[PDB]
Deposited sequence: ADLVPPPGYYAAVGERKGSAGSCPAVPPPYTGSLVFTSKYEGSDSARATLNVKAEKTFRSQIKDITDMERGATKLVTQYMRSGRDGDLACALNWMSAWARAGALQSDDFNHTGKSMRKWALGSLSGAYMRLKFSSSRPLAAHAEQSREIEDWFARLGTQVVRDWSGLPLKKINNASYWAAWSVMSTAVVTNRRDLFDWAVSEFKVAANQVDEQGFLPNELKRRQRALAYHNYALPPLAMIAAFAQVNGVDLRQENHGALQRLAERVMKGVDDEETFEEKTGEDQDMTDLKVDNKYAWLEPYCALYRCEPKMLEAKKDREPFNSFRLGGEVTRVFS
């Protein structure tokens, strides 16, 4: 059977009254993907922010950032209000990068291949709505659609190469996000090999969740441990939600590991104690205060019967927008 997204991705294009213009496409990024890490100089915990290095990093990736944020924004605006100019603009941006063969460099380091997988997830995740909307907005744009989908397929194959062949100690949230990008790409391109890789990566993650709901590789990030556990949830929950409607039920993998992880995270958010006791360090709660970092609640509560605690957590923070997940996460799960 052809691969499909969750049913919410088939929603008609909206007609909400809102009209921004079409900005120039960010220059397609065809350079080397060898970037400075924001954690440059850290010990093995890789949890010490280097402000100067981060500034350098953000500058290096600026065109990629602008592409990710801008193109998802255009798709979101189109799905909300249905102005053809926004569709045309979004497709012009994505097809420009596709034709240029952006982000395809074989010259990369960890930070660089992470930019490749992140941008792939953002763009394909947004494009998913265009592709499967009952309005069929791509019907009039066959050439561009083909160009864009072929580019996604090239990048997806490369992302599998980028994160394959690793031992567990080197498989962390970075791989989970890569698996989301590859799952998203798999459904856009109807590529079962990509689908299968993302599923296998989820299963690795599920088996990394220990008997208490902790991930050893995320615990290693010391004061950022809780933040990184929360950061693991969105791609894992998205992968499971996508796999489910394609006939692969991952909810019970390793004794319901995804639920065990989610419940442990939410315990830590209520009270940091157990993560501190587990890591021996006070947790940086900064990221746990950011509403959109709980976007994982949308696919999660589509998968599991959420108890009132989870439901209220979702209700209080809705709607969720997360460009790395394709934009409007609440809308595609309602």
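No C-alpha positions are given in the record for the deposited-sequence stretch 19, the only such gap.
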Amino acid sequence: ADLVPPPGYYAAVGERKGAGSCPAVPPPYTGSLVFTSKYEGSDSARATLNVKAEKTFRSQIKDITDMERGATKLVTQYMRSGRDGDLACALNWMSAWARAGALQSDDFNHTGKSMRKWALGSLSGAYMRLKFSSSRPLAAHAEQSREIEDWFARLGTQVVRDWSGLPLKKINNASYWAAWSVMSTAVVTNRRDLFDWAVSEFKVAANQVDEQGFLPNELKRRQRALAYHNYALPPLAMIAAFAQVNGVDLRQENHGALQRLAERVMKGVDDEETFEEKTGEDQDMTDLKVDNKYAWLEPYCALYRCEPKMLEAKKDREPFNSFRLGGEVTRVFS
From here on, numbers count along this sequence of modelled residues.
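Of the two segments, 78-86 and 212-220, the one listed with the higher mean B-factor is 212-220 (C-alpha atoms only). Annotation for 7-15 versus 314-322: the higher mean temperature factor (C-alpha) is found in 314-322.
Note on the listed residues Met67, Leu33, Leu297, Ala53: the highest Cα temperature factor in the record is that of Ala53. The PDB entry assigns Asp150 a C-alpha temperature factor belonging to the lowest third of its chain's modelled residues. Split the chain's modelled residues into thirds by C-alpha temperature factor. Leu123 is in the lowest one. In the deposited entry, the Cα temperature factor of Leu226 sits in the top third of values across the chain's modelled residues. When the modelled residues of the chain are ordered by C-alpha B-factor, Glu201 sits in the lowest third. When the CA B factors of the chain's modelled residues are split into thirds, the value for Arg264 lands in the highest one.
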